[PDB]
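Heads up: the structure comes next, in structure tokens.
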Amino acid sequence: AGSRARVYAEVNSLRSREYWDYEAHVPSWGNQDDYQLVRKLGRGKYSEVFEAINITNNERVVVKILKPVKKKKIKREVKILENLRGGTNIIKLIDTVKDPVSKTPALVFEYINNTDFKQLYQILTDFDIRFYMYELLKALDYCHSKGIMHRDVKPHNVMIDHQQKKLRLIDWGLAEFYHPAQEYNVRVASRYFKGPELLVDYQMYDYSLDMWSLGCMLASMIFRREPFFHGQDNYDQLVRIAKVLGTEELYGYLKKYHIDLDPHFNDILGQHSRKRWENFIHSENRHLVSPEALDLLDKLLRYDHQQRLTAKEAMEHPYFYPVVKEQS
Ligand SMILES: O=C(O)c1ccc2c(c1)nc(Nc1cccc(Cl)c1)c1ccncc12
Ligand SMILES: NCCc1ccc(Cl)c(Cl)c1
């Protein structure tokens with residue numbers, strides 16, 4: 001009874017229990033032998049990702065092989081992906097398969113030819129940033145409307161093919177279902193994308209965590225400082241935030257939600273004024289910054305998770321009017 005979402009708060013409560021009760025979900029496991037692995041793309045803590053071909057139809061896909069011990073978490077990710085089926089700009093789950101002998105499970109996703117913007121293709125224009133942020137917002141509004149927090153929004157999870165102008169939000173392995181008053185694990189998101197709520201151990205968070213992470217991505221893109229808040233550890237991460245947003249404002253947020261700060265922060269936070277967003281503008285980024293962009297960013301990167309724009313409210317912001325007009 002400390003906090004709840006401003007939007008879609010009851011939306012899982014209003015659905016059949018089977019929608020959100022992922023522990024009860026019984027996936028249909030197809031045959032992984034239909035997929036030929038071509039190339040290893042990477043590895044995470046509990047998964048590895050390969051480029052592959054479906055040999056029955058010659059389609060290129062990716063296969064994400066799951067360490068099989070984590071049964072509840074597998075069911076969670078599978079059920080979330082099935083619920084998100086057809087959602088705008090959400091990576092498409094094509095199948096759920098197992099090796100028919102070992103029974104190791106794997107997820108088959110559509111392939112996206114991800115651009116490395118760090119050199120190869122094109123450095124983003126103002127319009128490009130608006131466009132891709134708007135497309136990312138569609139995916140977040142969709143999943144939030146579906147009662148799902150992603151909880152790991154960061155650039156690596158936002159796959160963009162800059163030649164075809166396609167965007168997909170990937171890696172739903174940390175995603176959860178939002179339920180009013182539920183206390184969630186704060187050990188989610190990449191350090192640089194963690195909202196203050198996580199950093200101060202506030203467990204009654206909601207979809208608005210994803211809006212912090214998308215604000216961090218907006219800042220990094222318009223100002224060309226990636227990641228925007230570069231902490232060396234979780235404590236330093238909050239200090240990096242406070243050096244921008246201010247310490248008095250942090251204390252107001254803590255008092256509103258009755259939050260206790262870990263006392264180790266006493267030795268490191270200092271005293272910081274709230275900075276003007278215009279302080280980040282210089283010759284290398286001025287062509288990406290506008291009054292609109294700053295107004296939007298200022299409404300995303302707020303301590304108080306309840307005062308951040310929703311995905312929809314962000315979509316509706318003037319910053320995206322040029323994109324809306326072009327999509328007409
Ligand atoms: O987890 C998912 O939902 C997930 C879903 C789809 C992709 C993915 C992860 N990772 C990819 N690439 C990648 C690149 C570097 C490291 C790692 Cl582990 C993976 C990738 C590439 C091309 N098309 C789709 C994907
Ligand atoms: N992997 C691409 C991450 C990225 C880069 C630029 C933008 Cl504007 C966005 Cl939304 C996402």
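Chain lettering (A, B, ...) mirrors the order of the structure tokens, residue numbering begins at 1 for each chain separately, and ligand numbering begins at 1 in order of display.
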
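Neighbouring residues of residue 221 of chain A at 12 Å or closer, counting only C-alpha atoms and skipping chain neighbours under 6 positions away, are residues 117, 118, 123, 124, 125, 126, 127, 128, 129, 130, 132, 133, 154, 155, 214, 215, 227, 228, 280, 284, 285, 286, 287, 288, 289, 293 and 297 of chain A.
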
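DSSP on the backbone gives helix (DSSP H, G or I) for these parts of segment 87-150 of chain A: residues 126, 127, 128, 129, 130, 131, 132, 133, 134, 135, 136, 137, 138, 139, 140, 141, 142, 143, 144 and 145 of chain A.
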
| query | If we count only C-alpha atoms, what is near residue 315 of chain A at a cut-off of 12 Å, once residues fewer than 4 positions away on the same chain are taken out, given as a list in words? | reply | residues 130, 131, 132, 133, 134, 135, 136, 137, 138, 139, 140, 141, 142, 211, 296, 300, 309, 310, 311, 319, 320, 321, 322, 323 and 324 of chain A

Keeping only C-alpha atoms, take the residues you just selected and write them out as a compact mmCIF listing (two decimals), in the first residue's frame.
```txt
# COMPACT_ATOMS: atom_id res chain seq x y z
CA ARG A 130 12.86 10.39 -32.57
CA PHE A 131 11.83 7.58 -34.88
CA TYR A 132 13.56 4.76 -33.03
CA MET A 133 12.50 6.08 -29.60
CA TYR A 134 8.91 6.21 -30.81
CA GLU A 135 9.17 2.61 -32.08
CA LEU A 136 10.66 1.50 -28.74
CA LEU A 137 7.87 3.26 -26.88
CA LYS A 138 5.32 1.28 -28.89
CA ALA A 139 6.86 -1.94 -27.58
CA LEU A 140 6.85 -0.73 -24.00
CA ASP A 141 3.30 0.60 -24.11
CA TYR A 142 2.28 -2.75 -25.57
CA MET A 211 10.52 4.50 -18.35
CA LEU A 296 10.54 14.99 -22.67
CA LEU A 300 11.30 10.70 -17.85
CA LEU A 309 5.57 9.81 -18.14
CA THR A 310 3.92 6.56 -19.08
CA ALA A 311 5.01 5.05 -22.40
CA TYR A 319 9.05 15.53 -29.58
CA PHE A 320 7.46 12.75 -31.61
CA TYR A 321 5.10 14.90 -33.68
CA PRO A 322 7.49 14.84 -36.71
CA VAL A 323 7.42 11.03 -36.55
CA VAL A 324 3.65 10.86 -36.22
```

Which residues of segment 40-145 of chain A sit at most 8 Å from segment 167-190 of chain A, using only C-alpha atoms? Give each one's shortest atom pair and distance in Å (one decimal place), in chain and ascending residue order, as CSV.
```
residue,atom,partner,partner_atom,distance
A:73,CA,A:173,CA,7.4
A:74,CA,A:173,CA,7.9
A:76,CA,A:176,CA,7.5
A:77,CA,A:173,CA,5.4
A:80,CA,A:172,CA,7.6
A:81,CA,A:172,CA,7.4
A:89,CA,A:168,CA,4.7
A:90,CA,A:169,CA,5.0
A:91,CA,A:168,CA,5.1
A:112,CA,A:168,CA,7.9
A:132,CA,A:167,CA,7.1
A:135,CA,A:167,CA,6.8
A:136,CA,A:167,CA,7.1
A:139,CA,A:169,CA,6.8
```

Give me a file of those residues, with N, CA, C and O atoms, as a PDB file, in the first residue's frame.
```pdb
ATOM      1  N   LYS A  73      11.654 -19.829 -14.103  1.00  0.00           N
ATOM      2  CA  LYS A  73      12.044 -18.685 -14.920  1.00  0.00           C
ATOM      3  C   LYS A  73      11.832 -18.967 -16.399  1.00  0.00           C
ATOM      4  O   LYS A  73      11.514 -18.070 -17.153  1.00  0.00           O
ATOM      5  N   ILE A  74      12.031 -20.230 -16.816  1.00  0.00           N
ATOM      6  CA  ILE A  74      11.721 -20.577 -18.206  1.00  0.00           C
ATOM      7  C   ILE A  74      10.249 -20.385 -18.496  1.00  0.00           C
ATOM      8  O   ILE A  74       9.873 -19.796 -19.512  1.00  0.00           O
ATOM      9  N   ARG A  76       8.198 -18.514 -17.003  1.00  0.00           N
ATOM     10  CA  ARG A  76       7.904 -17.097 -16.993  1.00  0.00           C
ATOM     11  C   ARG A  76       8.183 -16.486 -18.346  1.00  0.00           C
ATOM     12  O   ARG A  76       7.364 -15.773 -18.893  1.00  0.00           O
ATOM     13  N   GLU A  77       9.401 -16.687 -18.859  1.00  0.00           N
ATOM     14  CA  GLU A  77       9.762 -16.054 -20.117  1.00  0.00           C
ATOM     15  C   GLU A  77       8.876 -16.565 -21.251  1.00  0.00           C
ATOM     16  O   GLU A  77       8.406 -15.789 -22.099  1.00  0.00           O
ATOM     17  N   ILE A  80       5.301 -15.063 -20.894  1.00  0.00           N
ATOM     18  CA  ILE A  80       5.326 -13.644 -21.246  1.00  0.00           C
ATOM     19  C   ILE A  80       5.409 -13.489 -22.759  1.00  0.00           C
ATOM     20  O   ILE A  80       4.643 -12.731 -23.348  1.00  0.00           O
ATOM     21  N   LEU A  81       6.307 -14.237 -23.406  1.00  0.00           N
ATOM     22  CA  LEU A  81       6.387 -14.123 -24.863  1.00  0.00           C
ATOM     23  C   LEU A  81       5.110 -14.553 -25.543  1.00  0.00           C
ATOM     24  O   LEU A  81       4.709 -13.950 -26.545  1.00  0.00           O
ATOM     25  N   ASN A  89       6.775  -4.390 -32.308  1.00  0.00           N
ATOM     26  CA  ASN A  89       8.184  -4.204 -32.094  1.00  0.00           C
ATOM     27  C   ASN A  89       8.728  -5.080 -30.965  1.00  0.00           C
ATOM     28  O   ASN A  89       9.784  -4.812 -30.454  1.00  0.00           O
ATOM     29  N   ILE A  90       7.985  -6.078 -30.552  1.00  0.00           N
ATOM     30  CA  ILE A  90       8.487  -7.084 -29.629  1.00  0.00           C
ATOM     31  C   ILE A  90       9.046  -8.248 -30.439  1.00  0.00           C
ATOM     32  O   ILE A  90       8.414  -8.695 -31.425  1.00  0.00           O
ATOM     33  N   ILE A  91      10.236  -8.723 -30.064  1.00  0.00           N
ATOM     34  CA  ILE A  91      10.816  -9.813 -30.828  1.00  0.00           C
ATOM     35  C   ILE A  91       9.835 -10.966 -30.923  1.00  0.00           C
ATOM     36  O   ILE A  91       9.253 -11.356 -29.909  1.00  0.00           O
ATOM     37  N   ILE A 112      16.986 -10.692 -36.622  1.00  0.00           N
ATOM     38  CA  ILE A 112      17.089  -9.285 -36.973  1.00  0.00           C
ATOM     39  C   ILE A 112      18.549  -8.931 -37.209  1.00  0.00           C
ATOM     40  O   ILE A 112      19.405  -9.271 -36.387  1.00  0.00           O
ATOM     41  N   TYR A 132      13.276   6.022 -33.723  1.00  0.00           N
ATOM     42  CA  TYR A 132      13.556   4.757 -33.030  1.00  0.00           C
ATOM     43  C   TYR A 132      13.064   4.784 -31.583  1.00  0.00           C
ATOM     44  O   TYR A 132      12.493   3.808 -31.075  1.00  0.00           O
ATOM     45  N   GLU A 135       9.361   4.031 -31.848  1.00  0.00           N
ATOM     46  CA  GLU A 135       9.169   2.606 -32.077  1.00  0.00           C
ATOM     47  C   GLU A 135       9.421   1.782 -30.800  1.00  0.00           C
ATOM     48  O   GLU A 135       8.646   0.849 -30.514  1.00  0.00           O
ATOM     49  N   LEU A 136      10.406   2.156 -30.028  1.00  0.00           N
ATOM     50  CA  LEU A 136      10.656   1.497 -28.744  1.00  0.00           C
ATOM     51  C   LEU A 136       9.524   1.730 -27.750  1.00  0.00           C
ATOM     52  O   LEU A 136       9.041   0.792 -27.092  1.00  0.00           O
ATOM     53  N   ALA A 139       6.635  -0.655 -28.239  1.00  0.00           N
ATOM     54  CA  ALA A 139       6.857  -1.935 -27.581  1.00  0.00           C
ATOM     55  C   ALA A 139       6.641  -1.901 -26.079  1.00  0.00           C
ATOM     56  O   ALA A 139       5.993  -2.782 -25.526  1.00  0.00           O
TER      57      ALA A 139
END
```

| query | Of the residues A:303, A:121, A:8, A:207, which is the one nearest to residue 246 of chain A, using only C-alpha atoms? | reply |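 Counting only C-alpha atoms, the residue closest to residue 246 of chain A is A:303.
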
| said: as a list in words, please: every protein or nucleic acid residue near ligand 1 (cut-off 8 Å, counting only C-alpha atoms and all ligand atoms). | reply: residues 41, 42, 43, 44, 47, 48, 49, 50, 51, 61, 62, 63, 64, 91, 109, 110, 111, 112, 113, 114, 156, 157, 159, 169, 170, 171, 172 and 173 of chain A

| request: Any chance you could list, as number ranges by chain, the residues in segment 56-138 of chain A that come up strand (DSSP E) when DSSP is run on the backbone? | output: A: 59-66, 93-98, 105-110

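Note that atom CA of residue 201 of chain A and atom CA of residue 245 of chain A are 18.6 Å apart.
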
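With only C-alpha atoms and all ligand atoms as the basis for measurement, A:153 is the residue among A:281, A:314, A:238, A:153 that approaches ligand 2 most closely.
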
| query | Skipping near chain neighbours, those fewer than 6 positions away, what residues fall within 6 Å of segment 19-25 of chain A using only C-alpha atoms, listed as a PyMOL selection string? | reply | chain A and resi 72+75-76+79

Dump as an mmCIF file, in the first residue's frame, selection limited to N, CA and C atoms:
```cif
data_model
loop_
_atom_site.group_PDB
_atom_site.id
_atom_site.type_symbol
_atom_site.label_atom_id
_atom_site.label_comp_id
_atom_site.auth_asym_id
_atom_site.auth_seq_id
_atom_site.Cartn_x
_atom_site.Cartn_y
_atom_site.Cartn_z
ATOM 1 N N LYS A 72 11.070 -22.423 -13.277
ATOM 2 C CA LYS A 72 10.080 -21.378 -13.095
ATOM 3 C C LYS A 72 10.383 -20.202 -13.999
ATOM 4 N N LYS A 75 9.396 -20.946 -17.633
ATOM 5 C CA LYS A 75 7.952 -20.815 -17.800
ATOM 6 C C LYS A 75 7.562 -19.351 -17.847
ATOM 7 N N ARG A 76 8.198 -18.514 -17.003
ATOM 8 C CA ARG A 76 7.904 -17.097 -16.993
ATOM 9 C C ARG A 76 8.183 -16.486 -18.346
ATOM 10 N N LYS A 79 5.746 -17.813 -21.085
ATOM 11 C CA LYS A 79 4.376 -17.298 -20.955
ATOM 12 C C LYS A 79 4.276 -15.826 -21.299
#
```

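Of the listed residues (A:234, A:208, A:96, A:164), A:208 comes nearest to residue 144 of chain A; the distances count only C-alpha atoms.
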
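Distance check against ligand 2 using only C-alpha atoms and all ligand atoms: of A:264, A:290, A:158, A:28, the minimum falls on A:158.
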
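Nearest residue to ligand 2 among A:243, A:45, A:92, A:165 is A:165, counting only C-alpha atoms and all ligand atoms.
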
| field | From A:98, A:317, A:224, A:302, residue lying nearest ligand 2 [only C-alpha atoms and all ligand atoms] | value |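 Counting only C-alpha atoms and all ligand atoms, the residue closest to ligand 2 is A:224.
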
| Exercise: residue 272 of chain A partners within 12 Å, only C-alpha atoms, chain neighbours under 5 positions left out, as a VMD selection string | chain A and resid 239 to 251

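The spacing separating atom CA of residue 252 of chain A from atom CA of residue 226 of chain A amounts to 28.0 Å.
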
| query | Interatomic distance between atom CA of residue 106 of chain A and atom CA of residue 65 of chain A? | reply |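 Separation between atom CA of residue 106 of chain A and atom CA of residue 65 of chain A: 4.2 Å.
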